[PDB]
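Starting off, we have a lone chain in the form deposited in one PDB entry, written out as structure tokens.
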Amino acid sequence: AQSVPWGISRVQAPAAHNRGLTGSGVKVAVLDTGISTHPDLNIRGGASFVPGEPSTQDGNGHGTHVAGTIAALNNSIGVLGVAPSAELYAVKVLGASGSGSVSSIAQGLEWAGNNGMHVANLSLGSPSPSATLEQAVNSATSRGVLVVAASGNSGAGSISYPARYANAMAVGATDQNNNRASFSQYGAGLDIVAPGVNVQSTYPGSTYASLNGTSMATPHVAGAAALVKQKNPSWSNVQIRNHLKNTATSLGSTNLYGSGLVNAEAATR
């Protein structure tokens, strides 16, 4: 029995799936704590940039969780991703403890840019800016990667790095009411929002678990981008990012919500 988590249908991925759009041929890199082998996931490759954890398997559960929001397989078990046919690559830039260095994160993006990744998912952040990080962001961007990052969970009216950088697509979190979740950082650089409360997904030990955060919202956007990329194979990172924003559902102030809630139905139209 397969269930469709609420944010998947909130963003209207099924509407897109019903038109032949599943993210097929789109390469998506998850820069996180790894992705564990799971019966509802198809991991195509990856690398680890965490000294001391040479494997890409997830010792934390955070990346496995994020990954399933993007691409949990559409079959008869578990859950369902926004882009269930996306090619998923596990890029480990965060250790088991759930933290990493800017160095490891910048190496992951470098890797993404060098390996022709179309979308990079960075459900991570820091309140502090990093010149290293920023350059990596910009580099992956000129290599044609769309970088999608979490705004953070401090609840403050200013967003984290790298989401704050012009070249990153900053994602905030909404609740089932289509209100901004209290922890969701907002303000300048915020581009769009997505479901980030009680998000059910894939978890290590072949199970499913629900989490809260902008980390959970980000992957709905990364997925949404793969759907559009499949529909418009000639579009660049910028064209996708703008189409997403242009087709989002307004939810109120752009200070709080940026463009509004991502809408994969409106976007693959």
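Just count from 1 along the sequence shown to find any residue number.
Beyond what is shown, the protein has a form deposited with a partner chain bound; the following relates to that form.
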| query | finding |
| --- | --- |
| Interface stretch in the deposited bound form with the partner chain - options 189-197, 99-107, 81-89, 67-75, non-hydrogen atom within 4.5 Å | 99-107 |
| Any non-hydrogen atom of residue 151 within 4.5 angstroms of the partner chain in the deposited bound form | yes |
| Partner contact for residue 141 in the deposited bound form: the partner chain, 4.5 angstroms, heavy atom | no |
| Contact of residue 147 with the partner chain in the deposited bound form (heavy atom, 4.5 Å) | no |
| Distance check, residue 127 to the partner chain in the deposited bound form, heavy atom within 4.5 Å | yes |
| Non-hydrogen atom within 4.5 angstroms of the partner chain in the deposited bound form for each of 62, 94 and 185 | yes |
